[PDB]
Amino acid sequence: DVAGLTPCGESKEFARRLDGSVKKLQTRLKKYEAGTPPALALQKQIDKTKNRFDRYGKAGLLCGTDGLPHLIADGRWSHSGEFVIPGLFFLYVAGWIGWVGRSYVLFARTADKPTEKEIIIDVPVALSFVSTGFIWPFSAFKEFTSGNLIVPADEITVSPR
Amino acid sequence: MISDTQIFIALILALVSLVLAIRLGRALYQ
Amino acid sequence: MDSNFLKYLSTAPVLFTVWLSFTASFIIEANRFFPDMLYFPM
Amino acid sequence: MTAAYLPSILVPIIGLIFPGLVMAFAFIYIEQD
Amino acid sequence: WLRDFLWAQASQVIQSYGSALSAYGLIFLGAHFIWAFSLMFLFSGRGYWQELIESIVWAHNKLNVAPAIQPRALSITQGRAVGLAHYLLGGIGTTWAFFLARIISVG
Amino acid sequence: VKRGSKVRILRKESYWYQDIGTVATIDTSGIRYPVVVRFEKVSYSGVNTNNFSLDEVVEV
Amino acid sequence: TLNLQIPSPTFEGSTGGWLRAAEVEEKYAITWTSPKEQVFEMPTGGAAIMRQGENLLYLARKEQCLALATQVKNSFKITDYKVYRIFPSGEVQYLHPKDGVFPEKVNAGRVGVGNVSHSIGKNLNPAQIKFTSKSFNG
Amino acid sequence: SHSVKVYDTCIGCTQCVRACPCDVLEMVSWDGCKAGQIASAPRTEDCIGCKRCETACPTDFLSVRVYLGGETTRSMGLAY
Amino acid sequence: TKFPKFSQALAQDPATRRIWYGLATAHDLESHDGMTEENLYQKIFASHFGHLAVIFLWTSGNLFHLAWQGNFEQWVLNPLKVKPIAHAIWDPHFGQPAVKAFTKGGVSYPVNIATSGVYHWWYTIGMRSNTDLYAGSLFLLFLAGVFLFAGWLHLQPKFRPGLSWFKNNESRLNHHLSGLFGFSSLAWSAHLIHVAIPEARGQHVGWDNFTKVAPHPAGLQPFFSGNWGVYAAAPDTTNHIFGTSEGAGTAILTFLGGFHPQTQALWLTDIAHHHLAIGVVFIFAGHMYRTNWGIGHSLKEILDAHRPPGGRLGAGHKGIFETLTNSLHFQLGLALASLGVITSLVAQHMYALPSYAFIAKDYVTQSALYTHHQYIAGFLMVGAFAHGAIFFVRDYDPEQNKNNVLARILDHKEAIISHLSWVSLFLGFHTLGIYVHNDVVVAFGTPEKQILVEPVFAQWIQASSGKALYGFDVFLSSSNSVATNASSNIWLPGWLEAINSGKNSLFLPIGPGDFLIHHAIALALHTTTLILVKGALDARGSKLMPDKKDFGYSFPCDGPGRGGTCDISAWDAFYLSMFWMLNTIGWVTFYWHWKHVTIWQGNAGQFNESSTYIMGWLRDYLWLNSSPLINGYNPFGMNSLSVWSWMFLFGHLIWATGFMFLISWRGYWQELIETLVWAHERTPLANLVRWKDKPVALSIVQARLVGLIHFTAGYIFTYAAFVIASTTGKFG
Ligand code: CLA
Ligand code: CLA
Ligand code: CLA
Ligand code: CLA
Ligand code: CLA
Ligand code: CLA
Ligand SMILES: CC1=CCCC(C)(C)[C@H]1/C=C/C(C)=C/C=C/C(C)=C/C=C/C=C(C)/C=C/C=C(C)/C=C/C1=C(C)CCCC1(C)C
Ligand SMILES: CCCCCCCCCCCCO[C@H]1O[C@H](CO)[C@@H](O[C@H]2O[C@H](CO)[C@@H](O)[C@H](O)[C@H]2O)[C@H](O)[C@H]1O
Ligand SMILES: CC1=C(C/C=C(\C)CCC[C@H](C)CCC[C@H](C)CCCC(C)C)C(=O)c2ccccc2C1=O
Ligand code: SF4
């Protein structure tokens, strides 16, 4: 398919990996009596291995000649869920964290002792801020366009050139 | 192969280069 | 509840430990109920 | 090896006499007023 | 010592992956990592890190997110102490994982 | 500038260059740097006040 | 003027005292007066007892003498100490306090050495003074 | 020897003179600051270069500056 | 004491610091007592002559030691079976079994087996006997003597050049581009056509017959006739046996592409046309600047005129002409950067497209050559940034560079350093996270959960060059593309045959391990650049030290005040970046050697499966390939690898010794030396003996440098012993 890789649900080396993992757990299972808690734990591990390999084989993942899933991250929509959509989820959460931290820093600057606000958090105000972060791209962009995000170069300290 | 005389000729050329190198080192040392 | 004890509970190391444990517990329970998520299913 | 005497002549000289004379003369040079 | 003790007896900790002793292989790698990480504190000095922190403070100042508690590089004594602590942790953890994996496998 | 005003620093070597301090006292005698400015951020040596000339100081 | 006959504090001796460079290059002397016999710490390591009256002591470095002076100033309230430099030829050079007044107090007749008439940020660039005997201060 | 300079940003607080272990600095009369005094370095041949004077200086960037130069027996702090 | 005669301050030092600092500042001519610009330039000119003579003497020594003690005439007959000899061994510390074990190469005396590849190079360029090797060694001795005499002569009065001659940019650029680059390349093309190709075709050409043995049967008549394509007709057959006339062609200038099927190296006719074309292009480049005849370009006018009118670059390149001409450190930084890029290019392109016959089958030689030139590249790039920092300290005049590109670099240095810091932290966080993720998930028995990103961008580039492995079907891997049809008559068959045969290192197949190791390389390059750029741009001053330019490029610290100022100088940034340079060349050479060792073994899947996690690197590359190296000597015997087995341990020792100078600092050692001084002065029968210089501890900067030197030497010797002994044990 892409880059000469084959889908994992028809790659024989993917099946060989699954068979080897199941056999490695089953030879451990052989030394325990049926009904013992180690036997149930090992059978649950076998079930989880089988379910994981089935799910990976039915997901459209591509496997190389090693027998393991290979991710495609060039932007194509047939593999957008391998990097692009996890990337969007991360970017949402990270922009949330950055926005609420910046908002708390700017609030703490207004306090009587800002450093005390840094080491002893005002928990209700911080919880208000972490609630505000769900609309962080629009809020941050409006903060940017109103001149409230970027400060001019003549108001930042710099070393002698 | 290489003879004794050829090695001696190379040694003489290397000695000439040694004298020239000593002169350059003295010139650079002012 | 004593306000001084609440103020101690609001200190940076305590809140840091509680928040990171809370986050870790989210990741652990998500991976317990939805394991082996190498990809976003689409 | 042609001129096989040359390693046994030159290797002790280059490895023991040359550094000894260089170290002695460099010592005299760097310590003299 | 290098071949018959270090090279020979480390075979158990580096082939522990996929077994019950794989935690020792992970701790082996992590302790090599922490030991190497210690050399950044041990070999360097405070002024470099303070000037790099000055540039990072400029970056946070550009977005008006500079903290009220001014970030400083670690003190010279703290640089030595942090480097020594991560060095001791890394080396002792490496020997810990190596010993435990080897002796559990062969003894 | 006067006592109590908020001023920006134009001394290049200063820790508080292009930062804002508050004027605490302007000396009237013939002092080379008569403007005492107090800053909310401490320097690397831990001080938070410094003397500047008039041309190193701009009112904001 | 250093009186060589001033008695010394009673000290049992140590390996931290002055080496051959004291008798070959230069040596330092510190004198002071105490109101009583009392134990002080030697700057070279060890405890000595200074006598009541005058005390003369010999050291290898000026910094050792000034460390002893600071110790007897801050622990015994002794401020009359004098520090001299002695050469192998016998020349004694009075060092501290240089004009009789301590350097942290302004004294008349002192002239400023090393004073620069501008701020430190007004120094010249090294490229300005390269291949040229101009100082970087201007 | 090391070179010690005193710039006219000095406020005459005498802290560098009190911090000097080698008696290099002293206070002289001046009119440029409110204290009426400025530091000076007449005895830089005794300067070891410890920069305790720079540590003592309270003016934003220092008024007293030590530039390490040619090393002598005194400047190296050698008791031998 | 008058050893440092160039420094009065150093000569009056009463301690052992005087000797060390006189040794360490001897070639820093700009800082010497009473140095003028004219004397500085003349001394530099003579020193450059001396370095040229050193290079020629070293090459003549290689040639002579091979012609005398090597087996070149035996190796020419059987190039793929005979081990090439570098030089003989005469070590009186050997025992008899070491004499037996080093007696290799078909000779009767102990020898070292050459790894430099000089055999393949000299055989490819037409040398066949020991006699012409000896003649080349004599010629290079004579050339070295000539350059020594020239260095002496151009310092004599009425031959010392003036500063106007030294700062003549246009004449030196024209002569060095047209003559030193162009005519040298044209003359090398002449040597290949006239000598190397006939000796490759079994015909002897020497000084005794080269005026009567035509390189081509038609002579220079097709060249003077304009029928140049006659020189491309009848190339070497794919049945050609190198160094013989069997299957030989008559062509001298081709564009065949690919490799000779027997030598597995580039066609010599392709190399001859390449160097001819390079010579023509460079001679055309060398007529560009105006020297004496009105025509030509002025460098100052070109620099001043290229200011973009939108004003984004400020004043543009105005003042850069004087800033570059007046600063030898600017020139040195530019030269070292360009050289470092090109020796990296040499390392990549020479393994990928070898030019010397039978050297692609010499695995030890390929590994040594790649590792050598890549470490040289790292050193050169670090030097470029270091001497750029020295330019900012010593030679940068801000008033002469108002609103310049240099001034605007200095004006947005904080943005530059902060974005470098961000990209380094970005790369390191996620690259280390993917590696640790793969390590943990493979250790827990589930390698199928690994994050394995296919490097599709570089695979797409390979397919654009014609690699049909990935099925991308674009550019040269598409049989209907205009790029395919454009080159189909000239070089496309040979290139496509070479790129799609898995018997060479031409565009080797890549997978997720390759992806991860290139992103680790990107991390290491960006981080070393961060340290070096931050050192260069903060060299003049920072918030912690706004007057740093008053203290020079190198100084220990500014004391414990202001929080503490350890390692604040730009020299210290060089010192910190040296470790990162060693780390990045280590990663690059580790990747190259492991990939090539697994490919040569026929076990490339071992690299493909083990390189995605760090334990695979530690176990399948370091631990697995250490076995013949650490068994060079053992309690049962010894063999020829024992020297590397020694050197390996040697490296592991001296590297560790470097740690002592980088962890323990001065005051401890000074107090120990004070106790030792007391002990010597108080010991009878030894206080009769007195030192002339007072013993002191090493200075702060000196100790940083000495620890760096021991560390770097241990790094280099350890890896060199490992790579040579491991490749020799597995394959040789
Ligand atoms: C309020 C949080 C906050 C925000 C918005 C930023 C913003 C920024 N930082 Mg910064 N930073 C922070 C905290 C923050 N920082 C802290 C606490 C540290 C110390 C570890 C650093 C250390 C740091 C370095 C060393 C670098 C940056 C860089 C950057 C820039 C690029 C983004 C980046 O690399 O992120 C990456 C950030 C980190 C790896 C550290 C973040 C640590 C935590 C996760 C964030 C703090 C969350 C906080 C607890 C929230 C509390 C709010 C609550 C009370 C309501 C950007 C200006 C880079 C730069 O200059 O780029 C131009 C750079 O090189 N920062
Ligand atoms: C390239 C330099 C070089 C050379 C040529 C040699 C040569 C030799 N070493 Mg060696 N060595 C060297 C470097 C070198 N070493 C270094 C760097 C070290 C430090 C690691 C050592 C440490 C070492 C040890 C510890 C020993 C040797 C020994 C030997 C001898 C081999 C055994 C034998 O048959 O001795 C038979 C010896 C003799 C017949 C006596 C020869 C006496 C000579 C000719 C007198 C020369 C006097 C002097 C150099 C005059 C010049 C002074 C002037 C420079 C100021 C041989 C002479 C062994 C030995 O026997 O030592 C004598 C021995 O025990 N070496
Ligand atoms: C045509 C006339 C000519 C020629 C040939 C040269 C040649 C040279 N000049 Mg020059 N020069 C000239 C005119 C000329 N000059 C004029 C007119 C002036 C006055 C304006 C000067 C002023 C001048 C100065 C002031 C200096 C020189 C220097 C040099 C030397 C540079 C170092 C060196 O060997 O690089 C050799 C470089 C090459 C052969 C090519 C460059 C290498 C690149 C990277 C390509 C190589 C790649 C290739 C694959 C390698 C294959 C080999 C491999 C297989 C082993 C070189 C010998 C310097 C020197 O050393 O003086 C002694 C020096 O300081 N020149
Ligand atoms: C980026 C590459 C570059 C650029 C932009 C330039 C640019 C320039 N070079 Mg340069 N040069 C270069 C590379 C470059 N060079 C290289 C690589 C080399 C050497 C190997 C040289 C060597 C070189 C020399 C030696 C000289 C230049 C000169 C010049 C300038 C002359 C401009 C010109 O030709 O006007 C000429 C104007 C025209 C051609 C206009 C055409 C006139 C009419 C309209 C003709 C058309 C009529 C009709 C429509 C067509 C039909 C005709 C039919 C009836 C017959 C110009 C600034 C010269 C100069 O002035 O130096 C500063 C000079 O002497 N160059
Ligand atoms: C293995 C050793 C190691 C490691 C990991 C680092 C890591 C780093 N160095 Mg570094 N360094 C080292 C050795 C090392 N160094 C040595 C030996 C030297 C020579 C003295 C240097 C010299 C040096 C300089 C001069 C510079 C760096 C910089 C950097 C940073 C950017 C590069 C990067 O990957 O960012 C990503 C960061 C990392 C990979 C660090 C690891 C982060 C961990 C894994 C996060 C998890 C933390 C964990 C949860 C904490 C739990 C602890 C708790 C349980 C107690 C980073 C912090 C540069 C910098 O600051 O750039 C901004 C810089 O300027 N270093
Ligand atoms: C700044 C970070 C950074 C850096 C320095 C590199 C550096 C490199 N990459 Mg890499 N890469 C990165 C990020 C980065 N990458 C990311 C985020 C991805 C997606 C997972 C990839 C995917 C990737 C592939 C598939 C390949 C490379 C390759 C390479 C090498 C060749 C150059 C190239 O293809 O550029 C590629 C880099 C870019 C096109 C952009 C990087 C810079 C941007 C700012 C990264 C930010 C992306 C952003 C966070 C995501 C947007 C949101 C999205 C979820 C919608 C080189 C070592 C090739 C290789 O291994 O050759 C041997 C190769 O085939 N890279
Ligand atoms: C700090 C210091 C202070 C002042 C002095 C100083 C020395 C100047 C400075 C240091 C500066 C430092 C030393 C700078 C060091 C710098 C680095 C090493 C320069 C590398 C440049 C790479 C170039 C742009 C070639 C890129 C290839 C591109 C064009 C190709 C495209 C295409 C080609 C044609 C062909 C096909 C491939 C594709 C991709 C299609
Ligand atoms: C005036 C306007 C047009 C000018 C065109 C000039 C073209 C270039 C002239 C080439 C140099 C002179 O060329 C003249 O002497 C050469 C001497 O080797 C001859 O060359 C001849 O001898 C060579 C050396 O043995 C052989 O390799 C040639 O095959 C043979 O042709 C040319 O046949 C002749 O034409
Ligand atoms: C890297 C390094 C630093 C930089 C180290 C920084 C200043 C300290 C970093 C401490 C962090 C902020 C605390 C814990 C980090 C966690 C991994 C993540 C951050 C958590 C935040 C909420 C604070 C020095 O200050 C230093 C000083 C002297 C010698 C060597 C060095 C040295 O090598
Ligand atoms: S560096 Fe030390 S000895 Fe020198 S003047 Fe300053 S405090 Fe005195």
Side-chain angles (χ1 to χ4, degrees), chain B, chain I residues 5-6 26-27 29 32 34-35 39 42-54 56-57 60-61 63-74 107 129-157 159-160:
Chain B
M1 56 184 39
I2 309 303
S3 74
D4 286 10
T5 305
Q6 285 159 305
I7 303 183
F8 296 153
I9 287 160
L11 281 178
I12 290 188
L13 262 70
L15 180 66
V16 168
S17 310
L18 171 63
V19 168
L20 294 174
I22 287 168
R23 292 221 320 176
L24 178 49
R26 279 187 195 285
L28 272 154
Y29 191 64
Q30 295 181 358
Chain I
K5 64 102 176 179
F6 46 85
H27 297 165
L29 316 180
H32 290 173
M35 178 60 61
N39 191 45
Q42 289 152 0
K43 291 308 193 196
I44 287 160
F45 199 39
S47 304
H48 288 185
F49 271 117
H51 194 276
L52 271 172
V54 166
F56 290 141
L57 284 181
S60 72
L63 282 155
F64 180 78
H65 279 290
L66 172 57
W68 178 32
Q69 310 159 315
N71 54 352
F72 190 68
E73 289 177 330
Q74 285 79 40
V107 301
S129 48
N130 293 324
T131 298
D132 51 357
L133 289 174
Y134 167 71
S137 81
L138 291 180
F139 177 67
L140 287 183
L141 293 174
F142 163 75
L143 190 62
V146 160
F147 273 87
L148 287 161
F149 178 76
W152 175 87
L153 177 68
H154 280 315
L155 284 179
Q156 290 330 286
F159 293 93
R160 295 182 86 110

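Hydrogens, waters and symmetry mates play no part in the numbers below; they use all other heavy atoms, side chains included. Residue numbers start from 1 in every chain, and the chains themselves are labelled A, B, ... in the order their sequence lines are given, proteins ahead of strands.
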(request) Sort B:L18 into side chain, backbone, both or neither according to what part of it lies under 4.5 angstrom from a heavy atom of chain I. (result) neither

Once rounded to the nearest 0.5 Å, what's the spacing between atom [atom1] of [X] and atom [atom2] of [Y]?
{"X": "B:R26", "Y": "I:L155", "atom1": "CZ", "atom2": "CG", "answer": "14.5 Å"}
{"X": "I:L153", "Y": "B:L24", "atom1": "CG", "atom2": "CG", "answer": "11.0 Å"}
{"X": "B:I2", "Y": "I:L66", "atom1": "CD1", "atom2": "CG", "answer": "9.5 Å"}
{"X": "B:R23", "Y": "I:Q156", "atom1": "CZ", "atom2": "CD", "answer": "7.0 Å"}
{"X": "I:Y134", "Y": "B:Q6", "atom1": "OH", "atom2": "CD", "answer": "5.0 Å"}

(message) If you compare all heavy atoms of B:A10 against all heavy atoms of I:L138, which two are closest, and at what distance to 0.1 Å?
(response) CA-CD2, 3.8 Å

(message) To check you understand the geometry: which heavy-atom pair defines the closest contact between B:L28 and I:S47, and what is its length?
(response) CD2-OG, 3.5 Å

(request) May I ask you to decide if B:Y29's main-chain N or O and I:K43's side chain share a donor-acceptor pair within less than 3.5 Å? (result) no

(message) I need the residue from I:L141, I:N39, I:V54, I:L57 with the largest number of non-hydrogen atom pairs under 4.5 Å to chain B.
(response) I:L141

(request) Could you check which of I:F64, I:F147, I:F142, I:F6 has the highest count of heavy-atom pairs closer than 4.5 Å to chain B? (result) I:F64

(message) Heavy-atom cut-off 4.5 Å, strictly under: side chain, backbone, both or neither for I:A53 against chain B?
(response) neither

(request) Dump the intermediate steps for side chain to side chain contact (heavy atoms under 4.5 Å, CB included) on B:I7 and I:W68, then the final yes or no. (result) CA-CA 8 Å; B:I7 303 183; I:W68 178 32; 3.4 Å; yes

